[PDB]
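Descriptive analysis of the structure
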Amino acid sequence: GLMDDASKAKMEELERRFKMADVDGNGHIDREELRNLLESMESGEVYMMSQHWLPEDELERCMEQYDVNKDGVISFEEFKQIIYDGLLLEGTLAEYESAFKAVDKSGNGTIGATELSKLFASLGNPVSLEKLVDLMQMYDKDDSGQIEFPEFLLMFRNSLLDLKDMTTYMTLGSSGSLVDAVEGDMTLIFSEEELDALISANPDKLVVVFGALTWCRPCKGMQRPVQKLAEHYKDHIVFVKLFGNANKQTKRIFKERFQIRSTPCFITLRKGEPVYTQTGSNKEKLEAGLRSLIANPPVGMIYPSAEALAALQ
Ligand SMILES: [Ca+2]
Ligand SMILES: [Ca+2]
Ligand SMILES: [Ca+2]
Ligand SMILES: [Ca+2]
């Protein structure tokens, strides 16, 4: 009775919303009613009932937090906290589909790390490759090496992205590829399918795989060197970076395909086959080794060593 009118209206609306989510009308929100409430669009007003898209982890994640008394069900008071914390998708299915298509510059229907990097950089918040690893670990939950639509949705649920970033990005032909390398720059990959695509796309260049780990310090020291070699040697060599520990696929590439035992590791592929392997932080040795594979290398070295310089002849 003694609530103010504005508060009474807010509460009446939360009550209306709660009753809507409580589909069976039984007075509360169980785990399976909450699954659909989390799968919904337009602030709980449109349920996508074709089939489920939310991973089970996510629902359990949600009950863990908002079920405070631990009776396996969501009460009205607990439901308010879900609303306040912004868990429901506010946009329409079409707005999320438009945003996904905008980010998927290749137009193949999935978002790769290279695409994510461009989105962040284009919006003035360029991210490091190590941070792209973190984004993929947090959102590529099926270890596909791509962000599919349902995973993109969780970027909005968690406020990593906002539908205004998207409108801005839209303001700023397509290949159809899984990955499109940027000439002169290393490509960070998250799947074997991307590795193979890059090899197939570069039949007449050497492909150098830079294997790193996210906590490896000497690896970090080689990142700037490799960026300079990727520019200098672009007519001859494409570089492809993978962090072995990123996901199930990268672990397998490290252990089964290349048998990488120490990092940083540089594996040079000719027509997809390892022909030259070097490990560690010796830049002079790495570059001399790469150069020895090239008929007509660029003039000048980035990391000369006395030995690597031709005598006056
Ligand atoms: Ca119910
Ligand atoms: Ca509860
Ligand atoms: Ca794409
Ligand atoms: Ca995925």
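Residues numbered from 1 in each chain as written, not as in the entry; some residues may be left out. Chains lettered and ligands numbered in written order. Heavy atoms only, no water. Residues with missing side-chain atoms left out of burial classes, pairs and counts.

As documented in the archive entry, the model was determined using X-ray crystallography at 1.60 Å resolution.

Distances from the calcium ion (ligand 3) to its protein donors, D104 (OD), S106 (OG), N108 (OD1), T110 (O), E115 (OE) and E115 (OE), fall at 2.3 to 2.5 Å. One way to put it: the six donor atoms around the calcium ion (ligand 3) meet at angles of 53 to 158°, and that makes the site irregular. Here the donor residues for the calcium ion (ligand 3) map to a single chain with the spacing D-x1-S-x1-N-x1-T-x4-E. For the pair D104 and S106, a shared accessibility class is recorded, and that class is buried. (Donors = N, O, S within 2.8 Å, 3.2 Å for Na, K, Ca; no water. Tetrahedral: all angles 85-135°; square planar, octahedral: opposite > 155°, others 65-115°. Buried < 20%, exposed > 50% of the residue type's maximum accessible area, 1.4 Å probe, protein only.)

A separate point is the coordination of the calcium ion (ligand 2). For the calcium ion (ligand 2), every protein donor is listed as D67 (OD), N69 (OD1), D71 (OD), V73 (O), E78 (OE) and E78 (OE), and the spread of their distances is 1.8 to 2.9 Å. The site at the calcium ion (ligand 2) holds six donor atoms, and with the angles between them running 48 to 164°, its shape is irregular. Every donor residue of the calcium ion (ligand 2) comes from the same chain, spaced as D-x1-N-x1-D-x1-V-x4-E.

On to the pairing of strand β2 (residues 206-212), then. Burial within β2 is extensive, with seven of its seven residues counted as buried. By the alternation rule, side chains of β2 split into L206, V208, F210 and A212 and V207, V209 and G211, which are all buried. Taken together, the seven bridges between β2 and strand β3 (residues 237-243) define a ladder with parallel strand orientation. Bridge pairing links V209 to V240 in β3. For the segment spanning β2, helix α11 (residues 217-232) and β3, crossover handedness is right-handed. Relative to strand β4 (residues 265-270), β2 runs antiparallel, the two sharing five bridges. For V209, the partnering residue across the bridge sits in β4 and is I267. (Helix = DSSP H or I, 4+ residues; strand = E, 2+ residues; numbered from the N terminus. Pairing = 2+ DSSP bridges. Right-handed = clockwise from strand over helix to strand, strands pointing away.)

Now for the packing of aromatic side chains. This structure, assessed with the given rule, holds seven aromatic pairs. Ring plane angle 70° and centroid distance 5.4 Å describe the contact between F18 and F76, whose orientation is recorded as edge-to-face. Note that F18 is positioned in helix α1 (residues 5-21) and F76 in helix α4 (residues 76-84), a separation of 58 residues in sequence. Owing to a relative accessible area of 8%, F18 belongs among the buried residues under this scheme. Joined through ring pairs, the aromatic side chains of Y96, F100, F149, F152 and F156 make up one cluster. The ring centre of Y169 lies 3.9 Å from the NZ or CZ of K105, which sits over that ring. (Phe/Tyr/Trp six-rings, centres within 6.5 Å; stacked < 30°, edge-to-face > 60°. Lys NZ or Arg CZ within 6 Å of the ring centre and 35° of its normal.)

Turning our attention to the domain arrangement of the chain. Assigned domains of the chain: these are domain 1 (1-86), domain 2 (87-172) and domain 3 (181-293). A straight line from the C-alpha centre of domain 1 to that of domain 3 covers 47 Å. (Domains from an automatic or database assignment.)

Bringing the packing of helix α6 (residues 113-122) against helix α7 (residues 129-139) into the picture now. At their nearest, the axes of α6 and α7 sit 11 Å apart, and the two run at 115° to each other. As for how α6 packs across α7, the hand of that crossing is right-handed. Contacts between α6 and α7 pair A113, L116, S117 and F120 from the former with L132, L135 and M136 from the latter. Looking at the contact of α6 with α7 residue by residue, the classes come out as six nonpolar, one polar and no charged. (Axes fitted to C-alpha atoms, helices over the stretch in contact; angles between N-to-C directions. Left-handed = near helix turned anticlockwise from the far one by under 90°. Contact = heavy atoms within 4.5 Å. Nonpolar A, V, L, I, M, F, W, Y, C, P; charged D, E, K, R; others polar.)

Take the pairing of β4 next. Here β4 lies mainly inside the structure; five of its six residues are buried. Pairing of β4 with strand β5 (residues 273-279), which is carried by six bridges, proceeds in the antiparallel orientation. Among the inter-strand pairings, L269 is bridged to a residue of β5, identified as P274. Remark: two residues form the turn of the hairpin made by β4 and β5, two consecutive strands paired antiparallel; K271 in that turn has positive phi of roughly 45°.

Attention now goes to the environment of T92. Summarising the element assignment, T92 is placed in the loop between α4 and α5 (93-103). Taking the C-alpha atoms as reference, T92 lies 8.9 Å from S43; in sequence the two are 49 residues apart.

Going through the model one piece at a time under the given rule, you end up with one disulfide. Here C216 pairs with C219 through a disulfide, and the sulfurs are 2.4 Å apart. Where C216 bonds to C219 through sulfur, the torsion about that S-S bond is close to 75°, and the disulfide is right-handed. (Disulfide = S-S within 2.5 Å.)

Moving on, we come to the side chain of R291. Relative to the helices and strands, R291 is located in helix α13 (residues 283-291). Despite its burial, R291 remains without a salt bridge, the nearest opposite charge being carried by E287 at 4.5 Å. (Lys, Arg positive; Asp, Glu negative; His and termini not counted. Salt bridge = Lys/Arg side-chain N within 4 Å of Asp/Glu carboxyl O.)

Another point: empty space enclosed by the protein. There is about 40 Å³ of room inside the largest cavity. As for the largest cavity, its lining consists of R17, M20, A21, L37, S43, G44, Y47, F79 and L88. Counting residues per element, the lining of the largest cavity draws most heavily on α1, at three residues. Residue composition of the lining of the largest cavity, by class: six nonpolar, two polar and one charged. Here the second largest cavity defines a volume of roughly 30 Å³. Every residue along the wall of the second largest cavity is listed here: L38, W53, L87, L89, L153, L154 and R157. Here the lining of the second largest cavity gets three residues from one element, more than from any other, and that element is helix α8 (residues 149-157). A breakdown of the residues in the lining of the second largest cavity according to their chemical character gives six nonpolar, no polar and one charged. (1 Å grid on protein atoms, 1.4 Å probe; cavity = no way out; pocket = protein on both sides within 12 Å on 5 of 7 lines; lining within 4 Å. Points joined across faces, edges and corners; volume = space filled by probe spheres on them.)

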